[PDB]
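Throughout, read-outs are computed from the coordinates displayed, never taken from laboratory work. Reconstructed Cβ throughout: ideal geometry from the backbone, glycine too, with neighbour counts over all protein chains shown.
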Amino acid sequence: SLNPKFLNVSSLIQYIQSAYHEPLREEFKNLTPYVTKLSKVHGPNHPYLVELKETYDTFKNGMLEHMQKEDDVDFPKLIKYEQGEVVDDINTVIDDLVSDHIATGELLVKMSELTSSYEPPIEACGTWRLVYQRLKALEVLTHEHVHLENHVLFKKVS
Ligand SMILES: [Fe+3]
Ligand SMILES: [Fe+3]
Ligand SMILES: [O]
Ligand SMILES: [Zn+2]
């Protein structure tokens, strides 16, 4: 479709915030209730469900504050850089946002692993099936969100 190579850091940052950050902040606020209900109704007979509320919660958290770092601190440094402005600290700023991505990543591996690649049992209720659906979706979206930053946005500045 549109080759991101032509997008300058400024625009690439904008797209990421309109396509990935903003839609995700809400997705959580809308998905979290369902993930909590599942660990109360079915957690007792299915421990993995209790383990996921946790993982999901700690993922949501890591992702929520890692995204808010990119908006309150790191994107400015990135646009600053594109405008040939002395920043000096960007080399490591990228190396922190890269690690942050590996962290929030292995967490997506566990959730998939716990959910048996998001494949419900024979006893999954609608909510259960719905959660798995919404969750699997939240995995690929962020996989696109992170890939874009890693292999395009960050590489531009480099
Ligand atoms: Fe981001
Ligand atoms: Fe990020
Ligand atoms: O992110
Ligand atoms: Zn079972």
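Figures for the structure shown
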item: Chain lengthening between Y34 and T127 when straightened (0.36 nm per residue, less Cα-Cα); result: 32.8 nm
item: Per-residue ³J(HN,Hα) for segment 25-42, Karplus 6.51 cos²θ - 1.76 cosθ + 1.60, θ = phi - 60°, Hz, x for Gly and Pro; result: 2, 5, 2, 4, 4, 9, 8, 3, x, 5, 5, 6, 3, 5, 7, 8, 5, 10
item: Label point distance in nm, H66-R134, each placed 7 Å from Cα along Cα→Cβ; result: 2.1 nm
item: Of the GluC sites (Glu not before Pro) in segment 80-112, those whose Cβ has at most 13 other Cβ within 10 Å and which sit in DSSP loop; result: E85
item: Simple spin-label estimate for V86 and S116 in nanometres, 7 Å along Cα-Cβ; result: 6.1 nm
item: Reachable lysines, given that their alpha-carbon falls under 16 Å from the alpha-carbon of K5 and they are not under 8 places away in the same chain; result: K155, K156
item: Cβ-Cβ FRET estimate between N8 and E54, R0 fixed at 35 Å, reported to 0.05; result: 0.30
item: Centre separation in Å (Cα based) which lies between segment 80-151 and segment 1-37; result: 11 Å
item: Ascending count of other beta-carbon atoms within 10 Å, so fewest first, for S117, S112; result: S117, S112
